[PDB]
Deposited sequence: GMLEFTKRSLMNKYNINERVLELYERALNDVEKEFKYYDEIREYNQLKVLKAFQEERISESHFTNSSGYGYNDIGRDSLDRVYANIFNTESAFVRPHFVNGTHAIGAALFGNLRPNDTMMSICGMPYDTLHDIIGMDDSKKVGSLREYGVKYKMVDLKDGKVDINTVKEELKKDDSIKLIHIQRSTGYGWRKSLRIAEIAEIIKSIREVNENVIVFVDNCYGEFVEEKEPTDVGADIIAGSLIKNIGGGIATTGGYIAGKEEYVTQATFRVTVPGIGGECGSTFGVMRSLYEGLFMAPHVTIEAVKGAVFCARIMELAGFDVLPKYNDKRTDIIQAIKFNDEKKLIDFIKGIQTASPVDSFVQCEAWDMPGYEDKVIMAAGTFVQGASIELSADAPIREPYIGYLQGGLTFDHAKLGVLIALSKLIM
């Protein structure tokens, strides 16, 4: 570390000698893990490079479509590039999705009908999916439930997917048509599901039912591993372009990838029956989406490095963390158990102060939920960010970092508010 970097961190940010010694130890400790992620990153960069070349991407795919957007070659080729990367029959990538929940919800709705049953098998889903499902019948929101779609949820057993109950439900209920698997844990204290764990779960599903649609919410997992859920038997997946796969450059949108049958059904929900993905001009965003995809394998691993570094420094400082720095990652999220409300809030506020945009904004608990979100793209979580519900045992979630230098610095700034 240059003398001038250290002087500046101490004077400008009040980073103290205690935190700097933790920093030196943590950075040395994560070196072998980091070399492991570099190998994945290189494979993934090549994977993406190959897809671009096989689709013959050129300046002409950087379209500026208008109106109906009939024959937007840029738009249609990107879908082909995503299908190739995910090893799927089809893909549907659009700026029109307002967030990742929109993509997930469209995949769900598109592939469900009255009297079908949807079954989540990783316990309670992410809060934003509750209205899509219809978990509150005092509200009229056009949920699955309101359209006659039944819902089953399998709690985790011994902290793992209760695969024996999943199989028994499949044997006993012919109306189950789609199983929902969530790759990234939300607000809990449980490790996100690795690709090999998804692979086994699907292997067990197929022993019982070869037809049920297996859907995986892939948000935050893209390019973290050398494979995606589609490589291990997922029929359809969805995610958000302002997380990993947009490389920090995409300004909005989402994707759905998988079997043509299922992707196509989702598209009729995203637009309307009879139109699907055949119309939809793209506002001039195609170059950003392409460049973002190309930079995604790299930026994803900057973020993963940030998470692994955070896990180790916080563990050394005395905090319980999940996952541990040497637990191989499947997503970019890092959880830290503060066990103290003030420590939680001080930490999150620290991340905001480490942010390039709105660094001066004082984070307020809006159970209330506090967030650091000083990013170029509003809501992008590939950029350094953090959030947490305010409740015992005061776990915070950190994710993102356009560069590891930024993530690292953020953590140093934040930890410096908690220990000296």
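Within the chain's deposited sequence, the coordinate-free stretches run 1, 368 to 373 in sequence order.
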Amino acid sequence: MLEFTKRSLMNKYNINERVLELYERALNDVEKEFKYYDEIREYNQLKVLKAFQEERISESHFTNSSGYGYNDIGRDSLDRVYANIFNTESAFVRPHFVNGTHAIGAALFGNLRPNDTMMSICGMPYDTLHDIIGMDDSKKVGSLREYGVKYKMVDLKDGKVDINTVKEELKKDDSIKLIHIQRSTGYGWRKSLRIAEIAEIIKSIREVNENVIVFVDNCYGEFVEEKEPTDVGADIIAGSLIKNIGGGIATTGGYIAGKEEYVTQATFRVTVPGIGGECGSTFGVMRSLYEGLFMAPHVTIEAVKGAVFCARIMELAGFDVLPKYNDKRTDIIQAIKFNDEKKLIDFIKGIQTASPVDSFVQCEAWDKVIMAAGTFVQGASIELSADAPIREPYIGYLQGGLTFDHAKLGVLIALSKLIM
From here on, numbers count along this sequence of modelled residues.
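Averaged over CA atoms, B-factors in the entry run higher in 6 to 14 than in the other of 19 to 27 and 6 to 14. Look at the C-alpha B-factors of 305 to 313 and of 68 to 76. On average they run higher in 68 to 76. Out of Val224, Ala83, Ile179, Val161, it is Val161 whose C-alpha atom has the highest B-factor in the PDB entry.
In the PDB entry, the Cα temperature factor peaks, among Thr300, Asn218, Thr185, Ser143, at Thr185. Annotation for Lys47: CA B-factor lies in the middle third of the chain's modelled residues. Ranked within its chain, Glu200 lands in the middle third, by CA B factor from the PDB record. Per-chain ranking of the deposited C-alpha B factor places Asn111 in the middle third. When the modelled residues of the chain are ordered by their C-alpha B factor, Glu364 lands in the highest third.
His102: CA B factor in the lowest third of modelled residues in this chain (values from the PDB entry).
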